[PDB]
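Shown next, in structure tokens, is the structure this report addresses.
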Amino acid sequence: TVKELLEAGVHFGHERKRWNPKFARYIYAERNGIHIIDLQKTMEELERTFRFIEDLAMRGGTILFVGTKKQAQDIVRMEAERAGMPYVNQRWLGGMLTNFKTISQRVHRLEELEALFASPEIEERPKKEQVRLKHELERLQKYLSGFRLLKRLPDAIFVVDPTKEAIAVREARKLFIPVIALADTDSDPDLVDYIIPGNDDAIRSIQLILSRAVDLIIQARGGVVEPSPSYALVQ
RNA sequence: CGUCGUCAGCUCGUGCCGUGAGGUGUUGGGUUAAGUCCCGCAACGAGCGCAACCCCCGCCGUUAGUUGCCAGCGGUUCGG
Ligand SMILES: [K+]
Ligand SMILES: [K+]
Ligand SMILES: [Mg+2]
Ligand SMILES: [Mg+2]
Ligand SMILES: [Mg+2]
Ligand SMILES: [Mg+2]
Ligand SMILES: [Mg+2]
Ligand SMILES: [Mg+2]
Ligand SMILES: [Mg+2]
Ligand SMILES: [Mg+2]
Ligand SMILES: [Mg+2]
Ligand SMILES: [Mg+2]
Ligand SMILES: [Mg+2]
């Protein structure tokens, strides 16, 4: 909540090409063939975005974090592994929201196989199944790791790159689910309800924004949590 | 019942795409006898198939000696 001057590395955008003209309002200028985000409008939108986040958090709402850019995977896997908001990390399966019932059936199979490997029924029905179901539970935990926490449809979603995760954005629009997103120059701002005009490539921007967001979430529900152990993931 | 044909296929549920017939899934890369499996993917699963569970032939054991053997000894019209 004090990220005014500590925003080191967020103003960096993508190149001159691969941009979206609809983002021109959130751009300050172009330095050395690279779009640089407007520093003022960044916090201008951050006010309203974080205010919506606090309102939805203190009401007890669930937010789905979505990240697949391979630069925010290890960060989302723990910033959402804090206060119990679910997440999707490896890839966004088509129909996680519109076909939410079938994916919940997949989650049922996940916890069923978890109950099988907890019961003494592991050894019966010989080793063929002990390998098949082992690999099946492996991949189910690989994909539905954070998604298993959703019992109903989420009240909002959080996206790291709305261009790379455009399918989740589209499904959220279809179901009238608010779309919080960390938008860059390559993204369409109209599809994002609450926009965060920052960098989606640099690890520091993602760590800063997501850490402060989860800190605001836990601050809305009381019991301020220690700083997130995602700094060591700078590497 | 024969046949394409023991051929590797044909579909469905939900979601998504298209005004619509339809598509996606079932395409792709690797692999297999196989839509067999792996990886990827607006798809996620499922059914009839494939395969397996059935029978026979292959090695061994347990249970049982009106089939078998000087394996073992005795008798032998010396033919278990
Ligand atoms: K058209
Ligand atoms: K193939
Ligand atoms: Mg065959
Ligand atoms: Mg269909
Ligand atoms: Mg057409
Ligand atoms: Mg239609
Ligand atoms: Mg169809
Ligand atoms: Mg087809
Ligand atoms: Mg096709
Ligand atoms: Mg099959
Ligand atoms: Mg596929
Ligand atoms: Mg007899
Ligand atoms: Mg006998």
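The values are calculated or read from the model by the stated rules, or taken from the named source; no laboratory instrument gave them. No Cβ is skipped: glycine too gets one built from the backbone with ideal geometry, and neighbour counts run over all protein chains shown.
Residues of segment A:161-207 being within 21 Å of A:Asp55 (Cα to Cα), in contact with a helix residue (DSSP H, G or I) (Cβ under 8 Å, 6 or more places away or on another chain) and surrounded by fewer than 17 Cβ atoms within 10 Å (Cβ to Cβ), which ones?
Within segment A:161-207, A:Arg173 is the sole residue that qualifies.
Considering only residues that are of a type outside the set (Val, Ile, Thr) and within 16 Å of RNA strand B (Cβ to nearest atom), which ones fall in segment A:47-74?
A:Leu64, A:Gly67, A:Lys69, A:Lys70, A:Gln71, A:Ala72, A:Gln73
Search segment A:155-186 for residues being over 18 Å from A:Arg25 (Cβ atoms) and more than 16 Å from RNA strand B (Cβ to nearest atom), and hand back the single one that is nearest to the chain's Cα centre (by Cα).
Among residues in segment A:155-186 that are over 18 Å from A:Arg25 (Cβ atoms) and more than 16 Å from RNA strand B (Cβ to nearest atom), the one nearest to the chain's Cα centre (by Cα) is A:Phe158.
Condition check ((1) of a type in the set (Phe, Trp, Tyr); (2) away from RNA strand B (no atom under 14 Å from the Cβ); (3) more than 30 Å from A:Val225 (Cα to Cα); (4) assigned by CATH to the domain that holds A:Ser187) across all residues:
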site	(1), (2), (3), (4)
A:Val76	no, yes, no, yes
A:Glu112	no, no, yes, no
A:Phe117	yes, yes, yes, no
A:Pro120	no, yes, yes, no
A:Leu144	no, no, no, no
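Check segment A:189-204 and report whether any residue there is assigned to a helix (DSSP H, G or I) and over 21 Å from A:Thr68 (Cα atoms).
Yes, there is a match, as at least one residue in segment A:189-204 is assigned to a helix (DSSP H, G or I) and over 21 Å from A:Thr68 (Cα atoms).
Any residue in segment A:175-197 that is not assigned by CATH to the domain that holds A:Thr98 sitting within a Cβ distance under 6 Å of a residue that is acidic (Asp, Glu)? List the pairs, counting only those 6 or more apart or interchain.
Here the result reads A:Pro178/A:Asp193; A:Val179/A:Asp193; A:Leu182/A:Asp200; A:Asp184/A:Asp200; A:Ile195/A:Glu45, each pair linking segment A:175-197 to a residue that is acidic (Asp, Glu).
Report yes if some residue within segment A:49-56 is in contact with a helix residue (DSSP H, G or I) (Cβ under 8 Å, 6 or more places away or on another chain) and more than 19 Å from A:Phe176 (Cβ to Cβ); otherwise report no.
Within segment A:49-56, one or more residues are in contact with a helix residue (DSSP H, G or I) (Cβ under 8 Å, 6 or more places away or on another chain) and more than 19 Å from A:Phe176 (Cβ to Cβ).
Looking at A:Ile167, A:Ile209, which one is among the hydrophobic types (A, V, I, L, M, F, W, C) and in contact with a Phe, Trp or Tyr (Cβ under 7 Å, 6 or more places away or on another chain)?
When all the criteria are applied, what remains is A:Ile167.
So which residues in segment A:126-142 are within 11 Å of RNA strand B (Cβ to nearest atom) and not in a helix (DSSP H, G or I), if there are any at all?
Residue satisfying the conditions is A:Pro126 alone.
Is it true that some residue in segment A:58-77 is among the β-branched types (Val, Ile, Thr), over 20 Å from A:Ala202 (Cα atoms) and surrounded by fewer than 22 Cβ atoms within 10 Å (Cβ to Cβ)?
Yes, some residue in segment A:58-77 is among the β-branched types (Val, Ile, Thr), over 20 Å from A:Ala202 (Cα atoms) and surrounded by fewer than 22 Cβ atoms within 10 Å (Cβ to Cβ).
Within segment A:144-158, is there a residue that is part of a helix (DSSP H, G or I), out of contact with any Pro (no Cβ under 9 Å at 6 or more places or on another chain) and surrounded by 11 or more Cβ atoms within 10 Å (Cβ to Cβ)?
No, there is no match, as no residue in segment A:144-158 is part of a helix (DSSP H, G or I), out of contact with any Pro (no Cβ under 9 Å at 6 or more places or on another chain) and surrounded by 11 or more Cβ atoms within 10 Å (Cβ to Cβ).
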